[PDB]
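3D model of this:
(chains A, B, C, D, E, F and G)
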Amino acid sequence: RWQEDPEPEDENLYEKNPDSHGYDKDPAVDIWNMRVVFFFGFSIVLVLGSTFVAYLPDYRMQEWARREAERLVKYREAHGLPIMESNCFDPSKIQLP
Amino acid sequence: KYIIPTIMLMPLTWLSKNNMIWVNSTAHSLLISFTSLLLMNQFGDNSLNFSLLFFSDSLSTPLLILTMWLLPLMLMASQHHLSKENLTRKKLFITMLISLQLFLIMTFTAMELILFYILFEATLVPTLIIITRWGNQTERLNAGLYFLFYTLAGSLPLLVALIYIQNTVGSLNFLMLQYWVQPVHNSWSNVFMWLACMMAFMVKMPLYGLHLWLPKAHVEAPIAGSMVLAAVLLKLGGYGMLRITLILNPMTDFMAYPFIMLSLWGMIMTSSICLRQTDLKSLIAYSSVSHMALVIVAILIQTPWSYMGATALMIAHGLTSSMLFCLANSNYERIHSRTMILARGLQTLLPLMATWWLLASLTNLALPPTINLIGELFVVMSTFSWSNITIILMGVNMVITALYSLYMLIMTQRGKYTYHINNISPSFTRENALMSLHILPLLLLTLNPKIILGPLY
Amino acid sequence: XXXXXXXXXXXXXXXXXXXXXXXXXXXXXXXXXXXXXXXXXXXXXXXXXXXXXXXXXXXXXXXXXXXXXXXXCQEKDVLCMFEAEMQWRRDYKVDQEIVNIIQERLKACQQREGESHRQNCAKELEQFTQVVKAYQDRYXXXXXXXXXXXXXXXXXXXXXXXXXXXXXX
Amino acid sequence: XXXXXXXXXXXXXXXXXXXXXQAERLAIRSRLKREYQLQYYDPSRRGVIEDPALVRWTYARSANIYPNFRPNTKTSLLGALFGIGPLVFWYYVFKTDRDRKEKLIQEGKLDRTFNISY
Amino acid sequence: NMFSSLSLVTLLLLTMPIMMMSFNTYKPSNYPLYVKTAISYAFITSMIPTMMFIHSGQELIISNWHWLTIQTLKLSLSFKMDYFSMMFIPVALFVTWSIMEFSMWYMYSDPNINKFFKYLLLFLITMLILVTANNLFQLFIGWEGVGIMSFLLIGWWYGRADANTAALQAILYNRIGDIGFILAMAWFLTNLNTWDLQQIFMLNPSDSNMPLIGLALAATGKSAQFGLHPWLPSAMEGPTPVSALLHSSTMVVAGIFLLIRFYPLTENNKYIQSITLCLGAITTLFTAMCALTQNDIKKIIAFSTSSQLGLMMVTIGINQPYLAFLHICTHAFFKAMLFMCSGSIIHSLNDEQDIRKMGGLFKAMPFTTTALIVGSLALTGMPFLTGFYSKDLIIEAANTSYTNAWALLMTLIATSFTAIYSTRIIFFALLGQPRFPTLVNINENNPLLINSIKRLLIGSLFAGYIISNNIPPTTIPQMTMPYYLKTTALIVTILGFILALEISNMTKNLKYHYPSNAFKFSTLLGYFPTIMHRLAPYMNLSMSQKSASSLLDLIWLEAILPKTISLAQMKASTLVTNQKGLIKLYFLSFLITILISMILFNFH
Amino acid sequence: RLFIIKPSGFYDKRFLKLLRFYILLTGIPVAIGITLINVXXXXXXXXXXXXXXXXXXXXXXXXXXXX
Amino acid sequence: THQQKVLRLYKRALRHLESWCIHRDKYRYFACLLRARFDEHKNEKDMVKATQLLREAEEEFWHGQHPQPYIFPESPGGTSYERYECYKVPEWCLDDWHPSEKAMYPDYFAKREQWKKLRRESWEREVXXXXXXXXXXXXXXXXXXXXXXXXXXXXXXXXXXXXXXX
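Numbers count the residues shown, from 1 in each chain, chains lettered A, B, ... in the order given. The coordinates are given below.
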């Protein structure tokens, strides 16, 4: 005996009494939500957001370092012999052992 | 800027009328996610702190954007479910996602370890209520108890680990202050200091041993498929392994050596089982073990090249596996069973969703540089500098990466469907929108993947 | 320009003496396509460049030099270390792209000679070997991920080898 | 697996026991087909049929894990050597390669001069 | 300046249908014709820079879209227009040019007529990336891209069974070939900081680890070879223009194409020289043997590519990159004709893919049969049928070397073996009495067919006039042995055809002869479906099911926390169910507790 | 003439129309983005004089939209 | 059954013969030779001798068993398009078509609606007729034919109607 356990029924919107919809019940709620504001995020976050990502606001010295390096190369080539790296941030250290 | 408008989503769902609810929760979340990309991306040479230590800046975390990307997406696929039940029950399990979103933002933003810990385990509470309810099949509790007693058993040793560091060496706090840290002398007393910090992240990032936490959470489905995306967020939610290994134990890598070997066998054996399995959701559940196992390998090498592949794979897997689970949910809502063999039929009945099935499957493999080629290949290149033998084992895994994807395709690409009579409508306008909102952000990362991998990039 | 060396000047001059034929297929197509749409593209580019008129100069490159090195200030303190650690990370990010320019000098040599390859150049080959060897020793490349505090230990490791070897000989 | 001769039509006899054996097979085959016939050929259904045989097939791997394994014997220990064993196998492979590498860095350099990546 | 501008035009023209694919403008029935018109003008725009290359000019271009700035690296979309890369573009475009207008006749009146052209353009674009690749990261986009688009093309026919086995294996054996290719990436980055292809020419290292377990292992995955080749006859299950492209110009070059570009590495290393020819020795005869026994129209041409690939592997082993690409460029014109002229028979006589049932006589079909005679003789060593300008130059060069003698002797048998399967298209099916496949079978020439085959004849005849003469060579091979080396290349084709005609006619024209049942045939398939379709998928799945799943991943690896539940509940029962009430029992335990604190624990 | 094999089509073709309508709706600032380089000047390389370090945009080269 | 086992082997032997021989005139020569071999034992009925020949029939045939046999066109299994060329569309998808698109070509939709109404009414009558057959278990081997002439439709209606078209 189940008494009250049997209550399960198959439910699907599909097309019957909905015409063509995504939201369950009411045609007025469906059009204004599932096609407007659902695709408003598709227009602002994806299309208008594509301008940002990494392009435009430099992004962690990716474009800045190229202009900085080139002027340091031409300066050190004319005067000094060693190119850039020779002794990195070390000038007269107080012994070792 | 980030927190406060996320908190205001809680009174939004309750104050709004019974006919609406879903329209307000999805639309308002999309404009907050736009503003996250607007401000967080700006950084100098070393990423400077945001404000006072409550929520801080991002140094090597574009993974926060992914949480903001799923912030509306965790509501789209859950629309098919929950609709049959009470209106008060609908509002409750939207706010549990809002609480998840509240705690998940706090984990990635706040540059801490002490207060980060009480946000690390805090994500487990809303997911527990999510998993233990709405499960269509039984053994919810044989997955719900296993959800905590795997994680909390490994993560509670952080209380005896993190506090022990701040009592001896200054304070943990900002991490930008954390340069007081002296290299570990490597002794038998220092063994359990390293293990307690690791074992917490050894569970959330699944290995070969103590990996059964993940398949139980995926097979026994919480709600439809949108909550399984939050289970993907928990894998990448254990991101503190990027921070602990670099700062707290720089000299210690000798004790990491056995843990790499465990994760290396968690690549062949975890893939082999992911072939003859019956459940469609399980064949994503075990492929997610091996894909996140690649990250654990990269962390323990500690090379600057490996962290590039590590940070890429966190975002790569976070939008490919979640994409695969939405496809699993789209078959679960029509056939009403997670069986792969029974649910058979693409193109003939599902004409446009089959192209989304192809794009999601091939992204698991190394396609033209989307994110996974910048993810997987970078780790394989970094493993050779560790040892020459690795690619002999890693190359075999590259064969079976096809065997996740193509076996999921072929066992659905048969146009028979003799037993099945359902699935009249192929996909609703929201269902096709779900599939586009996962792949097209990755397709935009082809042009500039600087905001996909950035630990000193 | 200025920074990039490259070749001085290319010859490139056609003679065309053997066989009358239809002059040359390469020469006739070059003269025809230069006025067909290549001249129109040059006119459209000049029309947009002149339309700009007013333009901002802008600072572009920023200064900020030295501000005390990391191998001068010691002991764990946020007030002194933070300025020193920012300086080392500035140098490390630039030196990543310094090598890139020298690498591109070797890239320019390979195409311009082709058949010669390794027989000539020599100047770009010697310049690449000197920098990369110095980059391997000084700017990490062996001492894990980037850290300014660990860099002083890496410099001390190279200095210890110089003191030990010279004392024996 | 294959024998000396491939089994397809090898060794067949009519007899009396074999004649009733095929009658036993068709008795279950027709019984399970007719309940499918009653479910397939009606427009009133609309949905995916359960089938008790297919559910028990999925239940064989997803469940029946701890109800089994109660006789461990020597078969379980052989499986442990095929699992935990190969993890110890690479321990004498990766360490020997690393000790080969670490000795080269300190004395007699083997690393390339044009190396800078990681 | 014109060289750099016109080079990108060929790249943009192929992407223009993809740009108009996403709705944009409505095109009913015109979309298959739109692909034909796009590639037609793409050939003319590619002909001019090749004509410039004969005169003077060489240019390398980057689009400045460098997506990598990671650790001393720049990775822009690089396009190389040099010798091997430059000459291959108009050759590959002219091959496709006929196949696209062929695709109008074959696969007609289908619901997925538009979608078939969609993947073929991507199959053309990904190849063009691989051809012009100057970065090793750019090289992966092409080498995987062609291998991944093949899934949609081989398994194009939506079959419930057997059709999807070929599409799975096409990537499965390719990804075992990837093991080397990805190892070739990792070695290149660690040993050389440059990572791009522009490094190898200066400061070249002498190491055996790079080309052997790397480029040669990549050459076994992609482009047939001996290592893994069961995917060749299975690929014939798909449509005929797909099987044409995979084995003429596109998928068939991908393995060899890498080895030609890495030519300074092959010359310096001596151990690589031997192993490329030793593996190349097995490719020559073993695959050619399989063409004899296997009796299917498409499947004979499938195994003929791998026998031709043996000579393509010898060119790398002999250290001649200049003669390496010349064979493949002429091979592109050989089998663009041969695949679909034979494919024209399949569509004509209902749906028959067997040579036994087919009886397409020379008198019955006038246009298709003429291409079959020319195409088959072109593969063999013929003096002016474009065979001498590709095949014979390798054989003459191979004899004068310090290389392996057994590898040299094995190639000589294979050159005479080409005559057997080429005549097994003519004598077995075309020539003699018709087999009559079906009662009342219609076979007629279409307007689309005439414009495709006749314009392929220019490419199959003038290939030894344009390509061989214009391209500047290095070191002349023909000098020594007029009868032993020079004559042997031409005599093998003559003696081979005479041996083929005598053996075939003895079995066909006999009436009463009785075929013998007992035979020593290790030739039917080469016993690769017995080890790689029977044993290799079983051994990976038996270790997955008998081990792994039924032992570790569900029981033993789980047995950490259920171990602390089964023992925890036993410890739980020893406190709750223990002591069945009674104040008596609890107070008896308090007697001991005071004695523990006084005697057992030392405190006062 | 034949009835032929039938698919859904109506649900499939509508989504591609609904997707592209919102691409075209935000395709206007893409068209303005081209004219921003055309009408307004981008950037010129020049040495900075000691007067002002940062005004509106601190340091930005190429594109007016970056500033 | 003894008769069926001989016919199944004889059908296979003829189709396996054309793989060894090339020409059709040579095929007819060996076909007459096969007839003379089996007619010698067919004349007399045996219980032991005929069954011994049936197991002997597997031999000689298995010695020359794999020369890659011809299945000609679309055949059950074998080679060259077994399920290919025919992708097909299920009958369930036909009724699934949405309005506006369903309005185009109304002749196909109205005729299918008339057949669907007839199938719905006959389903109740077919269910009682199927259980009316004497077995009292479920079914015996194959489905039973219709006895009534007025009602029509022999048990299954969607078995033959709406299948596949190339």
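
Any residue of the longest helix along chain A touching chain C?
Secondary structure of chain A read by DSSP state H shows that its longest helix is helix A:64-79. Yes: under the criterion of Cβ under 8 Å from any Cβ of the partner chain, chain C is reached by helix A:64-79 at A:64, A:65, A:66, A:67, A:68, A:69, A:70, A:71, A:72, A:73, A:74. The C-beta positions use only the backbone N, C-alpha and C, and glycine is treated the same way.

Tally up the residues packed near the residue nearest to the second one when sequence neighbours are not counted, please.
Spatially, and ignoring its direct neighbours in sequence, residue A:65 is nearest to residue C:97 (4.6 Å; Cβ to Cβ, 6 or more residues apart in numbering or on different chains). The local packing count at residue C:97 equals 22, with neighbours defined by other Cβ atoms under 10 Å in any protein chain shown.

element containing residue C:97?
Per DSSP states H and E, residue C:97 falls inside helix C:78-113.

Which neighbouring elements make contact with the helix or strand that that helix is followed by?
Later in the chain than helix C:78-113, the nearest helix or strand by DSSP H and E is helix C:123-138. With contacts taken as 3 or more Cβ pairs under 8 Å, 6 or more residues apart in numbering or on different chains; DSSP states H and E, helix C:123-138 sits against helix C:78-113, helix C:148-168.

returning to that earlier point: run a quick check on the residue nearest to residue A:65 versus residue A:63, I expect a contact.
No: between residue C:97 and residue A:63 there is no contact under Cβ atoms under 8 Å: 10.2 Å.

Would you mark the buried spots in the helix holding residue C:97?
Burial within helix C:78-113, assessed by neighbour count using 16 or more other Cβ atoms under 10 Å in any protein chain shown, is assigned to C:81, C:84-110, C:113.

Helix, strand, or coil at the residue of chain D found nearest chain F?
Going by Cβ to the nearest Cβ, chain F is nearest to residue D:46 of chain D, at 16.5 Å. In three-state terms, and counting by DSSP: H, G, I helix; E, B strand; the rest coil, residue D:46 is coil.

Could you tell me how many residues sit around the residue in chain F positioned nearest to chain A?
Of all residues in chain F, residue F:26 sits closest to chain A, at 4.0 Å by Cβ to the nearest Cβ. Residue F:26 has 17 neighbouring residues, counting by other Cβ under 10 Å.

that older thread, which members of the residues of helix A:64-79 next to chain C are classed as buried?
With neighbours counted by 16+ other Cβ under 10 Å, the residues of helix A:64-79 next to chain C contain buried members at A:64, A:65, A:67, A:68, A:69, A:70, A:72, A:73.

Could you export those as TSV, including distance to residue E:324?
Listed next are those as TSV, based on distance: Cβ to Cβ, whole Å:
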residue	distance to residue E:324
A:64	46
A:65	42
A:67	44
A:68	45
A:69	40
A:70	41
A:72	45
A:73	40
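
just the residues you listed now: which is nearest residue G:66?
residue A:65 (67.9 Å; Cβ to Cβ).

got the contact list for the closest one?
Under the criterion of Cβ atoms under 8 Å, 6 or more residues apart in numbering or on different chains, the neighbours of residue A:65 are C:93, C:94, C:96, C:97.

and if we set it to 6 Å?
For residue A:65, the contact set (Cβ atoms under 6 Å, 6 or more residues apart in numbering or on different chains) comprises C:93, C:94, C:97.

Residue G:84 now?
Going by Cβ under 6 Å, 6+ apart, residue G:84 touches E:157, E:159, E:163.

hmm, back to that, so which pair among the buried ones among the residues of helix A:64-79 next to chain C is furthest apart in space?
Among these, the pair separated by the greatest distance (Cβ to Cβ) is A:64 and A:73, at 15.4 Å.

Now do the helix holding residue C:97 against helix C:123-138, angle only.
If you take axes from the mean of the first three to the mean of the last three Cα atoms, to 10 degrees, helix C:78-113 sits at 160 degrees to helix C:123-138.

Measure how helix C:78-113 sits relative to helix A:64-79, angle-wise.
Angle of helix C:78-113 versus helix A:64-79, following the same axes, to 10 degrees, is 70 degrees.
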